[PDB]
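Asker:
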Amino acid sequence: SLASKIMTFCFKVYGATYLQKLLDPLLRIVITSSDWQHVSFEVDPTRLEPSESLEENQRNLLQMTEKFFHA
């Protein structure tokens, strides 16, 4: 619809810059693998790996999510 494209044009042209600035600090954190190291955020029982504890995956995923939600 035209109304959707009007919003899409505005959000895409203006929103893109706003998103990058807010996400910009996180870019250094994610690039840095010294602390993140190796982890899988999977909680699917079918795909669940016995090697990694389900509890560890759940807690890590929620903690990371909260950071984005607050921002």
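Following PDB author numbering, the numbering of the sequence shown begins with 1279 at its first residue and continues without gaps.
Ideal placement from N, C-alpha and C gives every residue a C-beta, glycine not left out.
(1) How about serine 1318 and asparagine 1335: are their beta carbons less than 8 Å apart?
(2) Going by CA-CA distance only, name the one from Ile1309, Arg1306 and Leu1340 that's closest to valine 1321.
(3) Taking the straight line between their C-alpha atoms, what separation do you get for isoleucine 1284 and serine 1331?
(4) Would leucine 1300 and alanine 1349 be called neighbours here (beta carbons separated by less than 8 Å)?
(5) Would you mind working out which of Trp1314, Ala1294, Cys1288 and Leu1280 sits nearest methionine 1342, comparing C-alpha positions?
Answerer: Put simply:
(1) yes
(2) Relative to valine 1321, the option among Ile1309, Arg1306 and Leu1340 whose CA is nearest is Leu1340.
(3) 46 Å
(4) yes
(5) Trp1314
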